[PDB]
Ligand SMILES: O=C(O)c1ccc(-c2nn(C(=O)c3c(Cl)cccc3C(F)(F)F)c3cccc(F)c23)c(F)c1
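Listed next as structure tokens is one chain, alone, in the form solved without the named molecule.
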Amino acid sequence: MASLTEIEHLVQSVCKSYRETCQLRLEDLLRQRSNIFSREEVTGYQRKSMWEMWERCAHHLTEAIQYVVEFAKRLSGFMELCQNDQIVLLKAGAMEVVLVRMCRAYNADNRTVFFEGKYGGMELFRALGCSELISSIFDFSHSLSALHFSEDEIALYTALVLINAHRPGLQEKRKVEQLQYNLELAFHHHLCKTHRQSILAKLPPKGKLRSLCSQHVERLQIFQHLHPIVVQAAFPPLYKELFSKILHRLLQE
């Protein structure tokens, strides 16, 4: 349906929604790159109990997912969908959007990430006992950072991660299909206009994001078996809803 200028307003409106629902400002993230944790502070984290590290990380993932819900709310056409599809889209997209957004807090020169006020490497999360998933998270961020995303690019790409008509459970599939197409056009027009079409082939493939989510849910089903009471008492209720309601409350707000 959409025309040009109408499709150009969408680019501006999708970048605004993303700028707003940013957990950390990109400018403040590049400012703290020099604040690397000491070998002692690193050792502190490595010596934490597995369940205390897991609940510290679960709380951080929940906080990040809560910004993605807010982003989805301000996303043009998203709140114009039915509530079933809104939950379908978030319950698949939210984690993958977080996995994309996290590249802004990864420094590729020292292979570190901003965590709890300072930058630290893979070794910081050793207490989690899922080195393979940590490796995959850092390697994904490494490849995404190599694209040298702009704030507009990272905004349109994440809205496309979120709006996928190939999600099982969509009641109004054709409505989502129309929005996914308008957002695809908007993304391609910005890449065209800014002479950045090159990144399309360089972008991550279909199952790269999908494999991280499966690795995460496999590794949680493993922890949750060893410490089921830790999950019930010390894990956030939104984390448990998405990976083991809250979404209805956050949506109508």
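For every residue, the number given is its place in the sequence shown, counted from 1.
This protein has a second form, the form deposited with the named molecule bound, left out of what is shown; the following refers to that one.
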If the named molecule is transferred from its position in the deposited complex by superposing the C-alpha atoms around the site, does the shown form leave the pocket open, or is it blocked, with blocked meaning at least 3 ligand atoms within 2.4 Å of a backbone or C-beta atom?
blocked
Among 220, 233 and 242, does every residue place a heavy atom within 4.5 Å of the named molecule in the deposited complex?
yes
Quick one: does residue 91 come within 4.5 Å of the named molecule in the deposited complex, counting heavy atoms only?
yes
State yes or no: in the deposited complex, is some non-hydrogen atom of residue 11 no more than 4.5 angstroms from a non-hydrogen atom of the named molecule?
no
Is residue 66 close enough to touch the named molecule in the deposited complex, meaning at least one heavy atom pair within 4.5 Å?
yes
Report whether the minimum heavy atom distance between residue 224 and the named molecule in the deposited complex is within 4.5 Å.
yes
Name the residue from 170, 161, 95, 179 that puts a heavy atom within 4.5 Å of the named molecule in the deposited complex.
95
